[PDB]
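First come two forms of one protein chain, each written alone as structure tokens, so that there is a structure 1 and a structure 2.
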Structure 1
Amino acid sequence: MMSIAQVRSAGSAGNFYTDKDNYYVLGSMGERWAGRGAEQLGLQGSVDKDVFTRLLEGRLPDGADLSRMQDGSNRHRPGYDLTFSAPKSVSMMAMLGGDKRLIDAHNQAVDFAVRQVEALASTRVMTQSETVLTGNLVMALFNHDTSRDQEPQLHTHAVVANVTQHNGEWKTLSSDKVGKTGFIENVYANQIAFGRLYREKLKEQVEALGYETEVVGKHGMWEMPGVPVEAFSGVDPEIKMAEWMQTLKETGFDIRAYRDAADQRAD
């Protein structure tokens, strides 16, 4: 699924997305830049925290600056956070099960969905304003491993900076409340579909690995049959991790055998 929320403020955002405690189980954040806007800025690969933070403030390495300081406060909205969450069975198998290929499958599915989101990129150019498609965004993807309930959950925070290049200049992303022609409005209207696109893309890959899937909800929500999702549904990263492993062992589920059955059943 894909959750949508506005990024709070430049600083705390920087700290949240790169906070080690959010990806302790994964061991890595696996962050990377994405979006045609990023390639145009020369931003590729790993994300430097200072550059990411300044970007959320509206300051580009390009030299362009969209910050609007009003008595110590920046009124430039940082951007949006689109979170793609993998199904519980995948998260368990990836993080507690050892199958790292599923993390990679999760990334590729997220990468795929984010491209379709980028196509909605637009800016407001009042000639009466109007929205004009831009087709480029600057994004930073960060992987986290825990849900709000402290259960295993592989999810990627797709942070979309509030900037976009139009006719050479960097402008803020479109916002149209009334006609709902703005970028964010178009994202909301397709929230389900995008989360759907990500899930479908992830499903194809997991099935190519030899894994089975089963629809457990609406809009195609699915889980890998047989995985004890139940056990994980209902302060110190190291202790939390030890607990997850402990409650899993107590489910009696033989993870490795599950993996081998997928292998001897793939190709």
Structure 2
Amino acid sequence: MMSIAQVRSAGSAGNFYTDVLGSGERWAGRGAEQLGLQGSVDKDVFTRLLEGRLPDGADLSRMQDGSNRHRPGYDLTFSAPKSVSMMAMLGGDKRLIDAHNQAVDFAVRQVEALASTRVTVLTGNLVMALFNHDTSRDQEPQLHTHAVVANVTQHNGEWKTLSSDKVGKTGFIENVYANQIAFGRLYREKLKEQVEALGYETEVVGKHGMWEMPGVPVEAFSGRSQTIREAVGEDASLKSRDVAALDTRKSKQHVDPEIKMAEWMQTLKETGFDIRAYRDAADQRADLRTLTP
């Protein structure tokens, strides 16, 4: 599941991402490599990258009119299938938090192909920040990664701007939106490959091949989703659910990691699910094959 969003403010939203299973926001992309950036994201260097102030001698901003300036960039959030989320946090399977991360690196890398600048020329490089979270605003397991793309790419010499000027030809983000499904798709496919290799089973449960591990009590950890549909309902348009997603949206919360982890384990019991039996069933499934043909 890949969702999109425009970043419209540096300093402010620059923090947002700078802020419960062990807590890794790492850089990514050929562009982030050029500027010499690796698996760490300084609150300041990032907050800067959004204004147009690269680490390199590039200051592509527009600090005019008090505080009217550049265009920060975009947020491509890949959300993992609820069963994957649960198994990692409630099932303690750390191998999953990994698979998910590899699945994102794969996707985010296919997005970099569309990296192009205005003059339209595929510049094949991006400077990105990838933040990982594991809850929903409803406080449930909801592991996802905000692949924040900085509004900058590198053409021939200096850095330009992915974002466009005026209409001309569809620039970067235009194609991203035009290609959402494919991206959420191949992210989901990568996670899939690994997850099954670990010995887990999966079945389709939604459009464009969305899936989950069969048997895992998903319905019980989809509080946001349900609150959104109890409001605007089912059969509601995507746009209508966008607004619902925002109204009924609780505000960002300070949870007591162990009070919450316990509520989950507790609520997890009432479903009648045997977490342990599942991981083992998966192991035996994986073991059973790698030891045959």
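Basically, rigid core = biggest C-alpha set you can superpose within 1.5 Å across the two forms. Residue numbering: structure 1 sequence, from 1.
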Tell which of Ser174, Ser91, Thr164, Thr156, after superposing on the rigid core, has its C-alpha displaced by 2 Å or more between structures 1 and 2, please. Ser174
Is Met241 one of the residues whose C-alpha moves 2 Å or more between structures 1 and 2 after the core fit? yes
How many Å does the Cα of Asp145 travel between structures 1 and 2 when the structures are matched on their rigid core? 1.2
Report, in Å with one decimal, the C-alpha displacement of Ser12 between structures 1 and 2 after core superposition. 2.1
